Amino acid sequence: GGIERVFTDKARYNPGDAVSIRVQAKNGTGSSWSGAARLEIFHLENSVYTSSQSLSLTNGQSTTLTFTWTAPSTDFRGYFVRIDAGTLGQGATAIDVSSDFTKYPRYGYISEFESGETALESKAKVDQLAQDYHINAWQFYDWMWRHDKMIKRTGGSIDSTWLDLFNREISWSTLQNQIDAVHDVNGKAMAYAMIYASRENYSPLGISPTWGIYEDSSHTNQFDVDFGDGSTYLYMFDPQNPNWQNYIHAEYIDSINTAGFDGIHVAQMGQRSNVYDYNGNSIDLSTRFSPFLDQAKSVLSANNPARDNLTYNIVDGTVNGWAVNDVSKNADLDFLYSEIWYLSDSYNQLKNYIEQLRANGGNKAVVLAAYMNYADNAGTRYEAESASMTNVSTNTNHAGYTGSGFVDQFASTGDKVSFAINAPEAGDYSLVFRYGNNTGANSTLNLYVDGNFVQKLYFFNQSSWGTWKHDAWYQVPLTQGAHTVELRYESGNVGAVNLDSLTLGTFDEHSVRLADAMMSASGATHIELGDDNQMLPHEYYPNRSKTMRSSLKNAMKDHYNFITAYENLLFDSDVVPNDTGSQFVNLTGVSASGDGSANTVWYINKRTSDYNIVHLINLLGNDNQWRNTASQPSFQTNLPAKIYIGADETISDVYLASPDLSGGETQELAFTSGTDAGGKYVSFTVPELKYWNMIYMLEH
């Protein structure tokens, strides 16, 4: 109804802090409305607070109510917030009372630092992530001038702007305003920094090649990253080297003390093998990160124990993967972080990996980078062969295209392809072109939207006309309704392309919801939101090649309310797998599985001292792969469940909460206790299963 927003002023609260709960209400009923707005706050099954205010609104008028609440004294507790305004409608949010974000991290990012961004605008984008998703830490991505010289100075003076490695202008005042805004919501700012990277031409900085790591035993070929312009490179160094540690840890401290960061997000490039030090000693790089990290933590904590937060990216996460055991078991990190590539493609394989990190780390929190739909040209597609084209024609003579063909020889001034699209709602749209190019170099075309020039786009060379890509994209704001998107070959464009299609790059809500459910039911969170409410499509965080539509935004608001409100049941140290015992889940009238099998309801059994926890994740109508696009699950109603429990257990009450249902509010279910040949059991009916239900059963 007319409850438009419910939220709090900060993302996280210390015990005893005042919480301002805001309620944005609008009357759109027809005539005047009078009544009460009732607040109820729950901790898991138990109500802990109520209050009410009268609310009278003429038709069409709006107001924001404020309810004040003192964060209760027990540290590390999540709460669900219900606002009930009768026939005007209802709303919800969640509250996290934690003195330390690293126990329950909800990790977002900032990757854009434009000088034109005002203090107000910096505050707005941070507030929005804080308010909508309770984001409590932000990874500041590519804020630094050089990987080995993070704050650019002229003599003793900090430069007001600098150009990053991709020639983006970074504004100091904008960065500082964002950090301030993060702190204002009780958030923490984590500075991206590599564990072992310099930029090119590092000698004049006092960095020695003798600290480096090499691909050969004669120190002639230093490990590097080559960005493809003959100018911009990273060079790699030995994390165990005392001089490299001295140098880069000094950079970390400079970043903390000068820029006001609260910690370092330590990064790497992932597996590199057959590594040597300068002197030609063969070295296993995978075990060299933990001594570096232990020492980084030491110097950080000595400098400022309130700004000493530390994590490290375990790149290419999978069970027993590269550096997985050494870092997770041995590194002095506050929480664990891992970027998943292609070694944990199934839901169950990824679950197993999260569980290994949790076990190895002593139940430290686990955050995953896991770019949704990364490989997919996901979204509404307009085939180029069905568009309106001038001076080019269609063809079918290169395999790989989608639809009935493609537009070919898009190669001369006057050539045009015009797409008639529809924006179903006002917002940003990612314009993604699928194309071919085997001209021997880059090709270009000019992008126009509704008759206006927007950008020259680059279309990269492939060694075959049979090789298609969809990495030519540009994001634009569109009003709701019809629009025209044109590519034109004009005076100044070069080469040629074959054009397959235009796609409105869009994150698939179904896969994104199921992945987030699987991750948090398994005991991890997911770095996926940042900047001005952008979802993360790619490892280069400024990438805007897909966008979220409002439906997914709303589901993420519900999801983040859920993993905040129920953080105790999802992420606590005592929340452990319950596959170790005599117990079983039985669902009537659906195929079920304990290993995330395709086209089943997937059950996951957890426990604490006080609760027997069963997650139901609905894979009916979908495959067992976490990353790819999915269909809407086959939603279920009145699903009978029978759960076997230990002879030791008696259940007081059965509860079910779902982000999909009433905003995550817990419903108590009637249940029957019984014992048969199979064992002691409990049974009940699940009223609804859409994507994800968490059943939690209180022990007597």
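For every residue, the number given is its place in the sequence shown, counted from 1.
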*Between 586 to 594 and 255 to 263, which has the higher average C-alpha B-factor in the PDB entry?*
586 to 594
*Which is higher on average in the deposited entry, the C-alpha temperature factors of 436 to 444 or of 547 to 555?*
436 to 444
*From the list 102, 304, 462, 338, select the residue with the highest C-alpha B factor recorded in the entry.*
462
*According to the deposited entry, which of 75, 96, 184, 574 has the largest Cα B-factor?*
574
_Third of chain Cα B-factors occupied by residue 579_ = highest
*Give the position of residue 398 by CA B-factor within its chain, expressed as the lowest, middle or highest third.*
highest
*Would you mind ranking residue 180 by its C-alpha B-factor against the rest of the chain and naming the third, lowest, middle or highest?*
middle
*Taking the C-alpha B-factors as the PDB entry records them, is residue 392 in the lowest, middle or highest third of its chain?*
highest
*Hey, what third does residue 321 fall into on Cα B-factor, ranked over its chain?*
lowest
